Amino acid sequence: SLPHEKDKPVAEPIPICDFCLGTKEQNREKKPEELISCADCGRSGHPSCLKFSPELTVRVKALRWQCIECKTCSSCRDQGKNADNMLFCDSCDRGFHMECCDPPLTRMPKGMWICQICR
């Protein structure tokens, strides 16, 4: 974890998937699947409804994971006017503004992208 994520309180999780309305007992394939929940708003989703790979799912369960809308840049801690184009790491799902990457990026990377923390 990052220092600013450590001991930063997490919201009460809602035990329903906001995408399919199932619980941990029933995803869209009518099979059990544990939810993941946003640390800031508490809303939840099945990893299969979020379209997360098994490997990404394992990693975000060990991190202070944020949903798409709550996601803040792991460098500058902001969302801001360029929020819609924040990159999401394909290893840890953290967000980074292109201009906050190391090195700063002028154009969107192509294909799978791994952030400066994971690379």
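Each residue number is its position in the shown sequence, starting from 1.
Averaging the C-alpha B factors as listed in the entry, name the stretch that ends up higher: 53 to 61 or 68 to 76.
-> Higher mean C-alpha B-factor: 53 to 61.
Mean CA B-factor: is it higher for 78 to 86 or for 32 to 40?
-> It is 78 to 86 that shows the higher mean C-alpha B-factor.
At the C-alpha atoms, which of 14, 105, 20, 10 reaches the highest B-factor in this entry?
-> Of 14, 105, 20, 10, 105 has the highest C-alpha B-factor.
Tell me, lowest, middle or highest third: where does the Cα B factor of residue 95 rank within its chain?
-> Lowest third of the chain for residue 95's C-alpha B-factor.
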